[PDB]
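Asker: Next comes the structure file query04.cif, holding mmCIF, N, CA and C atoms.
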data_model
#
loop_
_atom_site.label_atom_id
_atom_site.label_comp_id
_atom_site.auth_asym_id
_atom_site.auth_seq_id
_atom_site.Cartn_x
_atom_site.Cartn_y
_atom_site.Cartn_z
N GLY H 1 -32.56 -74.77 -10.65
CA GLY H 1 -32.91 -73.37 -10.84
C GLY H 1 -31.89 -72.45 -10.18
N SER H 2 -31.58 -71.37 -10.88
CA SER H 2 -30.62 -70.40 -10.37
C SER H 2 -30.52 -69.21 -11.33
N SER H 3 -30.04 -68.10 -10.80
CA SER H 3 -29.89 -66.89 -11.59
C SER H 3 -29.23 -65.79 -10.75
N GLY H 4 -28.74 -64.78 -11.44
CA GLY H 4 -28.09 -63.66 -10.77
C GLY H 4 -27.06 -62.99 -11.69
N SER H 5 -26.09 -62.35 -11.07
CA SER H 5 -25.05 -61.67 -11.81
C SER H 5 -25.63 -60.48 -12.57
N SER H 6 -24.81 -59.45 -12.72
CA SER H 6 -25.24 -58.25 -13.42
C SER H 6 -24.07 -57.27 -13.55
N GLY H 7 -24.09 -56.51 -14.64
CA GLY H 7 -23.04 -55.54 -14.90
C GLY H 7 -23.61 -54.27 -15.52
N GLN H 8 -23.44 -53.17 -14.80
CA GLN H 8 -23.93 -51.88 -15.28
C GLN H 8 -23.38 -50.75 -14.40
N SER H 9 -22.93 -49.70 -15.06
CA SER H 9 -22.38 -48.55 -14.36
C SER H 9 -21.95 -47.48 -15.37
N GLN H 10 -22.66 -46.36 -15.32
CA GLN H 10 -22.37 -45.25 -16.22
C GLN H 10 -23.02 -43.97 -15.70
N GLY H 11 -22.40 -42.85 -16.05
CA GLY H 11 -22.90 -41.55 -15.63
C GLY H 11 -21.84 -40.47 -15.82
N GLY H 12 -22.30 -39.23 -15.87
CA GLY H 12 -21.41 -38.10 -16.05
C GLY H 12 -22.19 -36.85 -16.46
N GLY H 13 -21.84 -35.74 -15.82
CA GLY H 13 -22.49 -34.47 -16.10
C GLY H 13 -22.70 -33.66 -14.82
N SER H 14 -22.40 -32.37 -14.92
CA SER H 14 -22.55 -31.48 -13.78
C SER H 14 -22.47 -30.03 -14.25
N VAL H 15 -22.88 -29.13 -13.36
CA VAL H 15 -22.85 -27.71 -13.66
C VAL H 15 -22.00 -26.99 -12.62
N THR H 16 -20.80 -26.61 -13.03
CA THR H 16 -19.88 -25.91 -12.15
C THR H 16 -19.49 -24.56 -12.75
N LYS H 17 -19.31 -23.59 -11.87
CA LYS H 17 -18.94 -22.25 -12.29
C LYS H 17 -20.06 -21.65 -13.14
N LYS H 18 -20.00 -20.34 -13.30
CA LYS H 18 -21.01 -19.63 -14.07
C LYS H 18 -20.35 -18.98 -15.29
N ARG H 19 -19.57 -19.78 -16.00
CA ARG H 19 -18.87 -19.30 -17.18
C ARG H 19 -17.88 -18.19 -16.80
N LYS H 20 -16.65 -18.62 -16.52
CA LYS H 20 -15.61 -17.68 -16.15
C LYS H 20 -15.96 -17.05 -14.79
N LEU H 21 -15.05 -16.21 -14.32
CA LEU H 21 -15.25 -15.54 -13.04
C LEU H 21 -14.25 -14.39 -12.92
N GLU H 22 -14.78 -13.18 -13.00
CA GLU H 22 -13.95 -11.99 -12.90
C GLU H 22 -14.64 -10.94 -12.02
N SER H 23 -15.72 -10.38 -12.55
CA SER H 23 -16.47 -9.37 -11.83
C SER H 23 -15.58 -8.15 -11.56
N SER H 24 -15.77 -7.13 -12.38
CA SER H 24 -15.00 -5.91 -12.25
C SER H 24 -15.90 -4.78 -11.74
N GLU H 25 -15.28 -3.63 -11.52
CA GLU H 25 -16.00 -2.47 -11.03
C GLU H 25 -16.61 -2.76 -9.66
N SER H 26 -16.49 -1.77 -8.77
CA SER H 26 -17.02 -1.91 -7.43
C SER H 26 -17.00 -0.56 -6.71
N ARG H 27 -15.81 0.02 -6.65
CA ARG H 27 -15.63 1.31 -6.00
C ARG H 27 -14.56 2.12 -6.72
N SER H 28 -14.54 3.41 -6.42
CA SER H 28 -13.58 4.31 -7.03
C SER H 28 -13.10 5.34 -6.00
N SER H 29 -11.82 5.24 -5.67
CA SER H 29 -11.23 6.15 -4.70
C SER H 29 -10.12 6.97 -5.37
N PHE H 30 -10.54 8.07 -5.98
CA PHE H 30 -9.60 8.95 -6.66
C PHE H 30 -8.84 8.20 -7.76
N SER H 31 -8.48 8.95 -8.79
CA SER H 31 -7.76 8.37 -9.91
C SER H 31 -6.35 7.96 -9.47
N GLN H 32 -6.30 6.91 -8.67
CA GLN H 32 -5.03 6.40 -8.17
C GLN H 32 -4.00 6.35 -9.30
N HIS H 33 -2.74 6.47 -8.92
CA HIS H 33 -1.66 6.43 -9.89
C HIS H 33 -0.34 6.11 -9.18
N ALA H 34 -0.16 4.83 -8.89
CA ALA H 34 1.05 4.38 -8.21
C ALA H 34 1.98 3.72 -9.23
N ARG H 35 3.26 3.68 -8.87
CA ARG H 35 4.26 3.08 -9.73
C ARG H 35 5.47 2.63 -8.91
N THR H 36 5.50 1.34 -8.63
CA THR H 36 6.59 0.77 -7.86
C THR H 36 7.82 0.57 -8.74
N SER H 37 8.99 0.70 -8.13
CA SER H 37 10.24 0.53 -8.85
C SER H 37 11.36 0.15 -7.87
N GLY H 38 11.41 -1.13 -7.55
CA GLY H 38 12.42 -1.63 -6.64
C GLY H 38 11.98 -2.95 -6.01
N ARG H 39 12.16 -3.03 -4.69
CA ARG H 39 11.78 -4.23 -3.96
C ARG H 39 10.53 -3.97 -3.12
N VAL H 40 10.51 -2.79 -2.50
CA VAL H 40 9.39 -2.41 -1.67
C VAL H 40 8.36 -1.66 -2.52
N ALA H 41 7.09 -1.89 -2.19
CA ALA H 41 6.01 -1.24 -2.91
C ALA H 41 5.01 -0.67 -1.91
N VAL H 42 4.46 0.49 -2.27
CA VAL H 42 3.49 1.15 -1.41
C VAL H 42 2.18 0.36 -1.41
N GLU H 43 2.11 -0.60 -0.50
CA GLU H 43 0.93 -1.44 -0.39
C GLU H 43 -0.34 -0.59 -0.57
N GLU H 44 -0.57 0.29 0.39
CA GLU H 44 -1.74 1.15 0.34
C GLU H 44 -1.53 2.37 1.25
N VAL H 45 -1.83 3.54 0.69
CA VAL H 45 -1.68 4.78 1.43
C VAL H 45 -3.03 5.49 1.51
N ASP H 46 -3.56 5.55 2.73
CA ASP H 46 -4.84 6.19 2.95
C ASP H 46 -4.81 7.61 2.37
N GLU H 47 -5.68 7.84 1.41
CA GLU H 47 -5.76 9.14 0.77
C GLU H 47 -5.94 10.24 1.82
N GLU H 48 -6.72 9.92 2.84
CA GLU H 48 -6.98 10.86 3.91
C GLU H 48 -5.68 11.22 4.63
N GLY H 49 -4.72 10.30 4.55
CA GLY H 49 -3.43 10.51 5.19
C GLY H 49 -3.46 10.02 6.64
N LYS H 50 -4.24 8.98 6.87
CA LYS H 50 -4.36 8.41 8.20
C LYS H 50 -3.13 7.55 8.50
N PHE H 51 -2.75 6.75 7.51
CA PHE H 51 -1.60 5.88 7.66
C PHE H 51 -1.04 5.48 6.29
N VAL H 52 0.21 5.04 6.30
CA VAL H 52 0.87 4.63 5.07
C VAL H 52 1.33 3.17 5.21
N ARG H 53 0.70 2.31 4.43
CA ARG H 53 1.03 0.89 4.46
C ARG H 53 2.03 0.56 3.35
N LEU H 54 3.18 0.04 3.76
CA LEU H 54 4.22 -0.32 2.82
C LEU H 54 4.47 -1.83 2.89
N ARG H 55 4.46 -2.46 1.73
CA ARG H 55 4.68 -3.89 1.65
C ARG H 55 5.89 -4.19 0.76
N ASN H 56 6.55 -5.30 1.08
CA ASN H 56 7.72 -5.71 0.32
C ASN H 56 7.31 -6.75 -0.72
N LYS H 57 7.94 -6.65 -1.88
CA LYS H 57 7.65 -7.58 -2.97
C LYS H 57 8.85 -8.51 -3.17
N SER H 58 10.01 -8.02 -2.77
CA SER H 58 11.23 -8.80 -2.90
C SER H 58 11.16 -10.05 -2.02
N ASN H 59 12.11 -10.94 -2.23
CA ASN H 59 12.16 -12.18 -1.47
C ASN H 59 13.29 -12.08 -0.43
N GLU H 60 14.12 -11.06 -0.59
CA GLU H 60 15.23 -10.84 0.31
C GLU H 60 14.93 -9.68 1.26
N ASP H 61 15.06 -9.97 2.55
CA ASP H 61 14.80 -8.96 3.56
C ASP H 61 15.37 -7.62 3.10
N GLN H 62 14.52 -6.60 3.14
CA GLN H 62 14.92 -5.27 2.72
C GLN H 62 15.26 -4.41 3.95
N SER H 63 16.43 -3.80 3.90
CA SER H 63 16.88 -2.96 4.99
C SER H 63 16.45 -1.51 4.74
N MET H 64 15.73 -0.96 5.71
CA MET H 64 15.26 0.41 5.60
C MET H 64 15.86 1.28 6.71
N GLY H 65 17.16 1.13 6.90
CA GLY H 65 17.86 1.89 7.91
C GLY H 65 18.31 3.24 7.37
N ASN H 66 17.34 4.01 6.90
CA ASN H 66 17.62 5.33 6.35
C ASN H 66 16.52 5.71 5.37
N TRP H 67 15.86 4.69 4.84
CA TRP H 67 14.79 4.90 3.88
C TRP H 67 13.91 6.04 4.40
N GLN H 68 13.09 6.58 3.51
CA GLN H 68 12.20 7.67 3.86
C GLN H 68 10.96 7.65 2.98
N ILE H 69 9.97 8.43 3.39
CA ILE H 69 8.72 8.50 2.64
C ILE H 69 8.39 9.97 2.36
N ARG H 70 8.25 10.27 1.08
CA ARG H 70 7.94 11.63 0.66
C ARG H 70 6.42 11.82 0.56
N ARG H 71 5.93 12.78 1.33
CA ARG H 71 4.51 13.07 1.34
C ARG H 71 4.25 14.49 0.83
N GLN H 72 3.63 14.57 -0.34
CA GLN H 72 3.32 15.85 -0.94
C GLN H 72 1.85 15.90 -1.37
N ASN H 73 1.09 16.71 -0.66
CA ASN H 73 -0.33 16.86 -0.95
C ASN H 73 -0.66 18.34 -1.12
N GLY H 74 -1.47 18.63 -2.13
CA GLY H 74 -1.87 20.00 -2.40
C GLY H 74 -0.71 20.97 -2.16
N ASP H 75 -1.07 22.22 -1.91
CA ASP H 75 -0.07 23.24 -1.66
C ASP H 75 0.25 23.28 -0.16
N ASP H 76 1.05 22.32 0.26
CA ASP H 76 1.45 22.23 1.66
C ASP H 76 2.93 21.88 1.74
N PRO H 77 3.45 21.87 3.00
CA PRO H 77 4.85 21.55 3.24
C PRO H 77 5.10 20.05 3.08
N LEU H 78 5.87 19.72 2.06
CA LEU H 78 6.20 18.33 1.79
C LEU H 78 6.97 17.75 2.98
N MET H 79 6.44 16.66 3.51
CA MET H 79 7.07 16.00 4.65
C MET H 79 7.74 14.69 4.22
N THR H 80 8.99 14.55 4.63
CA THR H 80 9.75 13.35 4.30
C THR H 80 9.99 12.51 5.56
N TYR H 81 9.11 11.53 5.75
CA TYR H 81 9.20 10.65 6.90
C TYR H 81 10.38 9.69 6.75
N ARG H 82 11.49 10.06 7.37
CA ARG H 82 12.69 9.24 7.32
C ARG H 82 12.60 8.09 8.33
N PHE H 83 12.62 6.88 7.80
CA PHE H 83 12.54 5.69 8.64
C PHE H 83 13.75 5.60 9.57
N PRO H 84 13.63 4.68 10.56
CA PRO H 84 14.70 4.48 11.53
C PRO H 84 15.87 3.71 10.90
N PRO H 85 17.10 4.02 11.39
CA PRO H 85 18.29 3.36 10.89
C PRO H 85 18.40 1.93 11.42
N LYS H 86 17.37 1.52 12.14
CA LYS H 86 17.33 0.19 12.71
C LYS H 86 16.03 -0.50 12.32
N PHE H 87 15.74 -0.46 11.02
CA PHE H 87 14.53 -1.07 10.50
C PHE H 87 14.85 -2.00 9.33
N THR H 88 14.11 -3.09 9.26
CA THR H 88 14.30 -4.06 8.20
C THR H 88 12.96 -4.65 7.76
N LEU H 89 12.56 -4.32 6.54
CA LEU H 89 11.31 -4.81 6.00
C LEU H 89 11.54 -6.17 5.34
N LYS H 90 11.32 -7.22 6.11
CA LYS H 90 11.49 -8.57 5.61
C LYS H 90 10.81 -8.70 4.25
N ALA H 91 11.10 -9.81 3.58
CA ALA H 91 10.52 -10.06 2.27
C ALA H 91 9.07 -10.52 2.45
N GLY H 92 8.20 -9.96 1.61
CA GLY H 92 6.79 -10.30 1.66
C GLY H 92 6.13 -9.73 2.92
N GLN H 93 6.90 -8.92 3.64
CA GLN H 93 6.41 -8.31 4.87
C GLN H 93 5.66 -7.02 4.55
N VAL H 94 5.06 -6.45 5.58
CA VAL H 94 4.31 -5.22 5.43
C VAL H 94 4.46 -4.37 6.69
N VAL H 95 4.28 -3.07 6.52
CA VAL H 95 4.39 -2.14 7.64
C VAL H 95 3.36 -1.02 7.47
N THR H 96 2.88 -0.54 8.61
CA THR H 96 1.89 0.53 8.60
C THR H 96 2.40 1.73 9.40
N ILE H 97 2.45 2.87 8.72
CA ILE H 97 2.92 4.09 9.35
C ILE H 97 1.73 5.03 9.58
N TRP H 98 1.05 4.81 10.70
CA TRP H 98 -0.11 5.62 11.04
C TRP H 98 0.39 7.03 11.38
N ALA H 99 -0.54 7.97 11.40
CA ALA H 99 -0.21 9.35 11.71
C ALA H 99 -0.70 9.68 13.13
N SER H 100 0.08 10.51 13.80
CA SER H 100 -0.25 10.92 15.16
C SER H 100 -1.77 11.11 15.29
N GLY H 101 -2.30 11.95 14.42
CA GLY H 101 -3.73 12.23 14.43
C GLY H 101 -4.46 11.35 13.42
N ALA H 102 -4.63 10.09 13.79
CA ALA H 102 -5.32 9.14 12.93
C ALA H 102 -5.87 7.99 13.78
N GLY H 103 -6.12 8.31 15.04
CA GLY H 103 -6.65 7.32 15.96
C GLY H 103 -6.06 5.93 15.69
N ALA H 104 -4.74 5.89 15.66
CA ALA H 104 -4.04 4.64 15.41
C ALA H 104 -3.52 4.07 16.73
N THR H 105 -2.66 3.07 16.62
CA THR H 105 -2.09 2.44 17.79
C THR H 105 -0.68 1.92 17.49
N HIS H 106 0.30 2.61 18.05
CA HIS H 106 1.69 2.23 17.84
C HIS H 106 1.86 0.73 18.10
N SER H 107 2.06 0.00 17.02
CA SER H 107 2.23 -1.44 17.11
C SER H 107 3.34 -1.90 16.15
N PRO H 108 4.58 -1.44 16.45
CA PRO H 108 5.73 -1.79 15.63
C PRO H 108 6.16 -3.24 15.89
N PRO H 109 7.07 -3.73 15.00
CA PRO H 109 7.56 -2.92 13.90
C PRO H 109 6.51 -2.78 12.80
N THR H 110 5.50 -3.63 12.88
CA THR H 110 4.43 -3.62 11.90
C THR H 110 3.79 -2.23 11.83
N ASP H 111 2.89 -1.98 12.77
CA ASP H 111 2.20 -0.70 12.83
C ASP H 111 3.12 0.34 13.48
N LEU H 112 2.95 1.58 13.06
CA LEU H 112 3.75 2.67 13.59
C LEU H 112 2.87 3.91 13.77
N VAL H 113 3.38 4.85 14.55
CA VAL H 113 2.65 6.08 14.81
C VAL H 113 3.59 7.27 14.62
N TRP H 114 3.29 8.06 13.59
CA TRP H 114 4.10 9.23 13.28
C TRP H 114 3.76 10.31 14.30
N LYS H 115 4.59 10.40 15.33
CA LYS H 115 4.39 11.39 16.38
C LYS H 115 4.88 12.75 15.89
N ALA H 116 6.07 12.74 15.30
CA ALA H 116 6.66 13.96 14.79
C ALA H 116 5.58 14.81 14.13
N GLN H 117 4.90 14.21 13.17
CA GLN H 117 3.84 14.90 12.45
C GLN H 117 2.49 14.68 13.16
N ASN H 118 1.47 15.33 12.63
CA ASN H 118 0.14 15.22 13.19
C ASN H 118 -0.75 14.43 12.23
N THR H 119 -0.35 14.42 10.97
CA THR H 119 -1.10 13.71 9.95
C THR H 119 -0.35 13.76 8.61
N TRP H 120 -0.45 12.66 7.88
CA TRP H 120 0.21 12.56 6.58
C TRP H 120 -0.24 13.76 5.74
N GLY H 121 -1.54 14.00 5.75
CA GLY H 121 -2.11 15.10 4.99
C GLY H 121 -3.33 14.64 4.19
N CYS H 122 -4.32 15.52 4.12
CA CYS H 122 -5.54 15.22 3.39
C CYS H 122 -5.59 16.12 2.16
N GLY H 123 -6.69 16.01 1.43
CA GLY H 123 -6.88 16.81 0.23
C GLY H 123 -7.21 15.92 -0.97
N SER H 124 -7.82 16.54 -1.97
CA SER H 124 -8.19 15.82 -3.18
C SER H 124 -6.95 15.22 -3.84
N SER H 125 -5.96 16.08 -4.07
CA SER H 125 -4.72 15.65 -4.68
C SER H 125 -3.68 15.33 -3.61
N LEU H 126 -3.16 14.12 -3.68
CA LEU H 126 -2.16 13.68 -2.72
C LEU H 126 -1.02 12.98 -3.46
N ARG H 127 0.17 13.06 -2.87
CA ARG H 127 1.34 12.44 -3.46
C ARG H 127 2.19 11.78 -2.38
N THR H 128 2.39 10.48 -2.54
CA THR H 128 3.18 9.72 -1.58
C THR H 128 4.20 8.85 -2.32
N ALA H 129 5.47 9.17 -2.10
CA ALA H 129 6.55 8.43 -2.73
C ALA H 129 7.48 7.87 -1.65
N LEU H 130 8.28 6.90 -2.05
CA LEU H 130 9.21 6.27 -1.13
C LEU H 130 10.65 6.56 -1.59
N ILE H 131 11.44 7.07 -0.66
CA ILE H 131 12.83 7.39 -0.96
C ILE H 131 13.74 6.48 -0.14
N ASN H 132 14.51 5.66 -0.84
CA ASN H 132 15.42 4.74 -0.19
C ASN H 132 16.52 5.54 0.51
N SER H 133 17.49 4.81 1.05
CA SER H 133 18.60 5.44 1.75
C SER H 133 19.00 6.74 1.04
N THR H 134 19.42 6.59 -0.20
CA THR H 134 19.82 7.75 -0.99
C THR H 134 18.60 8.54 -1.45
N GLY H 135 18.85 9.79 -1.83
CA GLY H 135 17.78 10.66 -2.29
C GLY H 135 17.22 10.18 -3.63
N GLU H 136 16.74 8.95 -3.63
CA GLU H 136 16.18 8.37 -4.84
C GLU H 136 14.88 7.63 -4.52
N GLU H 137 13.89 7.83 -5.38
CA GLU H 137 12.60 7.19 -5.20
C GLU H 137 12.62 5.78 -5.79
N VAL H 138 11.99 4.86 -5.07
CA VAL H 138 11.93 3.48 -5.52
C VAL H 138 10.50 3.15 -5.95
N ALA H 139 9.55 3.66 -5.18
CA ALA H 139 8.14 3.43 -5.47
C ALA H 139 7.36 4.72 -5.21
N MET H 140 6.32 4.91 -6.01
CA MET H 140 5.49 6.09 -5.89
C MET H 140 4.01 5.71 -5.81
N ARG H 141 3.24 6.56 -5.14
CA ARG H 141 1.82 6.33 -4.99
C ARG H 141 1.06 7.66 -4.96
N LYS H 142 0.57 8.04 -6.13
CA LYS H 142 -0.18 9.28 -6.26
C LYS H 142 -1.68 8.98 -6.23
N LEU H 143 -2.44 9.96 -5.79
CA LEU H 143 -3.88 9.82 -5.71
C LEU H 143 -4.55 11.17 -5.96
N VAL H 144 -5.42 11.20 -6.95
CA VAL H 144 -6.13 12.42 -7.29
C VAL H 144 -7.64 12.16 -7.27
N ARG H 145 -8.33 12.96 -6.47
CA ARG H 145 -9.77 12.82 -6.35
C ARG H 145 -10.47 13.44 -7.56
N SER H 146 -11.57 12.82 -7.95
CA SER H 146 -12.33 13.30 -9.09
C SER H 146 -13.15 14.53 -8.69
N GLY H 147 -12.47 15.66 -8.63
CA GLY H 147 -13.12 16.91 -8.27
C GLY H 147 -13.60 17.67 -9.51
N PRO H 148 -14.17 18.87 -9.26
CA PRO H 148 -14.67 19.70 -10.35
C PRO H 148 -13.51 20.37 -11.09
N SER H 149 -13.77 20.70 -12.35
CA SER H 149 -12.77 21.34 -13.18
C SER H 149 -12.89 22.86 -13.07
N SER H 150 -11.76 23.53 -13.24
CA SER H 150 -11.72 24.98 -13.16
C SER H 150 -12.52 25.59 -14.32
N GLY H 151 -13.42 26.49 -13.97
CA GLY H 151 -14.25 27.15 -14.96
C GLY H 151 -14.03 28.66 -14.94
#
Once you've parsed the file, please lay out its structure as structure tokens.

Answerer:
Amino acid sequence: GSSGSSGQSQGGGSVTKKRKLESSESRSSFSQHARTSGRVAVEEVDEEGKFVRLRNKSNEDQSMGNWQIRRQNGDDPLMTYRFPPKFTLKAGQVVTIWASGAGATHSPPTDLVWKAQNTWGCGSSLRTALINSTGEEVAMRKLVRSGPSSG
């Protein structure tokens, strides 16, 4: 008398993901309107004008030893924050240019504090562009708040 041996093994099936994955809409902060054109791009510029975050998209260290930032909001004096002649925005790097009056913390070269000025500038309509060494814009970042229309 004797017995044994056996062969069996099969299976398959699972439920993963919920059919694609995107999920749009969440918040709306003014009809943003930025347009990069070069190596550096305006990562994010606080509409309030607290600070200006600039990020590099290029792979080659970008030299900003003269670069500048054009700030034009509403009917005010356009301020051109000229960067230091001893600055270099590495590739894939980022920098934050806080404003004197923005409860920031000078933490260069990354974070910065615009002492010269008191604030980038607030208002519904804001305009922030980047001007390289020469009087030429490389990247722009406009922001318009959804305010009431003139009646």

Asker: Which neighbours of residue 113 (chain H) fall inside 8 Å, counting only C-alpha atoms, when residues of the same chain fewer than 5 positions from it are skipped, and could you give them as a list in words?

Answerer: residues 97, 98, 99, 100, 104, 105, 106 and 107 of chain H

Asker: Identify which of the residues H:84, H:13, H:101, H:147 lies closest to residue 125 (chain H), counting only N, CA and C atoms when measuring atom-to-atom distances.

Answerer: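 The closest residue to residue 125 (chain H) is H:147.
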
Asker: Within 7 Å of residue 37 (chain H), counting all atoms listed in the file, which residues show up once you throw out same-chain ones fewer than 6 positions away? Write them as a list in words, please.

Answerer: residues 137, 138, 139 and 140 of chain H

Asker: So that I can check the secondary structure, give me every residue of chain H assigned strand (DSSP E or B) by backbone DSSP, as a ChimeraX atom specification.

Answerer: /H:33-36,40-45,51-56,62-63,68-73,79-82,88-89,94-99,111-114,125-131,137-144

Asker: What is the CA of residue 109 (chain H)-CA of residue 30 (chain H) distance in Å, reported with one decimal?

Answerer: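 Atom-to-atom, CA of residue 109 (chain H) and CA of residue 30 (chain H) are spaced 29.3 Å apart.
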